[PDB]
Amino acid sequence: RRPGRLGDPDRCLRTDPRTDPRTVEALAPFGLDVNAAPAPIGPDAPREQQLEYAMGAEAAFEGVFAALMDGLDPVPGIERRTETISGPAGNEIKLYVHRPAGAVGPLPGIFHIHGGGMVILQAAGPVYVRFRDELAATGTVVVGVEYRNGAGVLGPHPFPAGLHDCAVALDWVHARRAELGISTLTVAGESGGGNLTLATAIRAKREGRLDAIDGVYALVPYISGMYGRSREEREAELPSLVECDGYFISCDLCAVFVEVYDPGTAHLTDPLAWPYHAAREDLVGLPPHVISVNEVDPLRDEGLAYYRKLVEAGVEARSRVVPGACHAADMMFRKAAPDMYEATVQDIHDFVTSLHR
């Protein structure tokens, strides 16, 4: 009958007949081809224990991402620099700059915001280094921002610390397009980085900084903040949150990460924390957007809802789905599913080359 865990509650990535089997075998060594056990902590646990759990999850997932990137030949012909800038709280923000060696003029720029639920993972990590090199290789200038995290080794900094860091870093890059070899400038990211990407555009309109943004490309955005709702509430509003729950990511662990990001959840309905809540007023006048969602991702339906909201607001919006893809499959499986990876890289390349100032 119904797809995924709507039809059979025990279905997992391996047993869903829609999953790209290459990705199932790629996740098998880590035990990530099946549903994780119910998370042993919840959103009402003491914050000290939530931050401990997040620190562990970060160390484990950084291990998995390193192993998924191991065995690849490096992307050839990329020049890299690290710049350090002052953040708004006296923090240092690192910028990782990638460009094709020997470019003869300006190229489209990509301001890249990494995922990890705005709480964990480093832009310095091999999965994001690889993604920035791959985008640079197509003929772009990529700047990866290392913002404050809600948790883990770059934490703990609640909302809106990371968002403010992204703002300051975007302004720093915009101010320097000529010396950085940048034509147009696109803000892009996946999952939590998709969240900060969409919020960065909403915030830039409010603050009169839209000149910094020619385009927005959000992949598998993590934007509803609704992971802690009941199975029935989730199914009523965003059925993918039940259909594909536990497929690589789990609503129970995300619900912890929501509390970690915004302790006391005073921002649960604030579109700068959870862009799914954007009003028409928040989206009118925003520059061109792409929303890329993944077929067997529990976040699929909140990404589709955001595309619909952008269209309703008159934004020059596009959307695509990656068939057979779990959450972020198109950025994790460079080894096991290179065609899926290449297709997303090329779609982003095509988008940024389409823009004019």
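The first residue of the shown sequence is 1; numbering continues from there.
- Just going by the entry, 22-30 versus 287-295 on mean CA temperature factor gives the higher value to 22-30.
- Annotation for 233-241 versus 276-284: the higher mean temperature factor (C-alpha) is found in 233-241.
- Remark: of 89, 223, 185, 151, 89 shows the highest value [criterion: C-alpha B-factor in the PDB entry].
- Looking only at 160, 76, 144, 192, the residue with the top Cα B factor in the deposited structure is 76.
- When the CA B factors of the chain's modelled residues are split into thirds, the value for residue 132 lands in the lowest one.
- In the PDB entry, residue 300 places in the middle third of its chain by CA B-factor.
- Remark: residue 106 belongs to the highest third of its chain, ranked by C-alpha B-factor as recorded.
- Residue 330 sits in the lowest third of its chain by CA B factor, as recorded in the PDB entry.
- Ranked within its chain, residue 10 lands in the highest third, by CA B factor from the PDB record.
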